[PDB]
Ligand SMILES: CC(C)[C@@H](NC(=O)[C@H](CS)NC(=O)CCC[C@H](N)C(=O)O)C(=O)O
Ligand SMILES: [Fe+3]
């Protein structure tokens, strides 16, 4: 098994006003997006030490009672509105992974999309404050911190594609974003449940099978345990861990709108028997966001692909991913 080329890109110029320096970051994003599809964003300004500490404190203290009370509909029939947000339970002996997903904190009962019952919009559920002091405040603050980094990254992707820097970010707004955070715990288990280990076609033991990401881009922090692989024509390559950087890649919405010029890399999660954290932020636009496709390979830039509404894309992508790779 070879190792993927995953460059470490200093993204700090994307927060500034040095336009030429931003173009030099964009060039690196372009190069990575045309190669394996992944890069590490470094010098990003997020305190990832506190992110990992606060996330660990939550995973390691929530009780079974609290998990039922927060559980998504797949684990608790009483919670028919929780298709996305809430707790995703492990199944001892069968399923090792567990996680907590939350959405835009601005999705309240006031919100027009909640009042209209538009799919993919939900009001977040939270544990008891006294049982988890500071957790909700940390998690909401983190949502906006990673939103800020993601907006910067989107300026880099726009410039990389020959567009003005707001081409993506203009659709990425705090009032309507469908972006999500998932706080995933992959546990150490001895013995490890065989049912929680899948065997790939190439014989590799996996915790999550091959897929393209359902996102515009994915902005991922993981603890320092190597696990991810990306598919190339020459086979799967290992993505090295870097618990100081954010692992970035394009999702299938980007592949659609660029006429596959920036592909959505196929990736999978190797089985590793080690306690670790996986904390993705899925950069999703608003429900009615439509980006007009283009083809950077063509002199005239024209694409014949249909503009896709982001909400319909997300609803179908999340359902399909559950159908293909299982309820997480
Ligand atoms: C590879 C990581 C991103 C992570 N995998 C994942 O998070 C996988 C593959 S991208 N993603 C999903 O299952 C989609 C979760 C969407 C979320 N419930 C929501 O409502 O928005 C892992 O560690 O398994
Ligand atoms: Fe993925």
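Using the numbering of Swiss-Prot, the residues shown for chain A are 4-331, in order.
Placed from the backbone N, Cα and C atoms, the Cβ positions cover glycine too.
Taken verbatim from Swiss-Prot:
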- 87, 91, 183, 189, 281: isopenicillin N binding site (BINDING)
- 279: 2-oxoglutarate binding site (BINDING)
- 211: site 'Transition state stabilizer' (SITE)
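Annotated features taken from Swiss-Prot, shown on the structure.
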residue: 87; record: isopenicillin N binding site; Cβ contacts under 8 Å, 6 or more apart: 75, 104, 106, 123, 125, 183, 321
residue: 91; record: isopenicillin N binding site; Cβ contacts under 8 Å, 6 or more apart: 74, 75, 77, 78, 100, 101, 102, 103, 104, 330, 331
residue: 189; record: isopenicillin N binding site; Cβ contacts under 8 Å, 6 or more apart: 99, 100, 210, 230, 275, 277, 278, 279, 280, 281
residue: 211; record: site 'Transition state stabilizer'; Cβ contacts under 8 Å, 6 or more apart: 100, 201, 271, 272, 328, 331
Original post:
Max Cα distance spanning 87, 91, 183, 189, 281 (isopenicillin N binders), Å?
Top reply: 19
Subject >> Structural state of residue 87 (isopenicillin N binding site), classified by DSSP into three states >> reply: coil
Original post:
Is any of 87, 91, 183, 189, 211, 279 (recorded positions) within Cβ reach of ligand 1, i.e. under 6 A, and which?
Top reply: 87, 183, 211
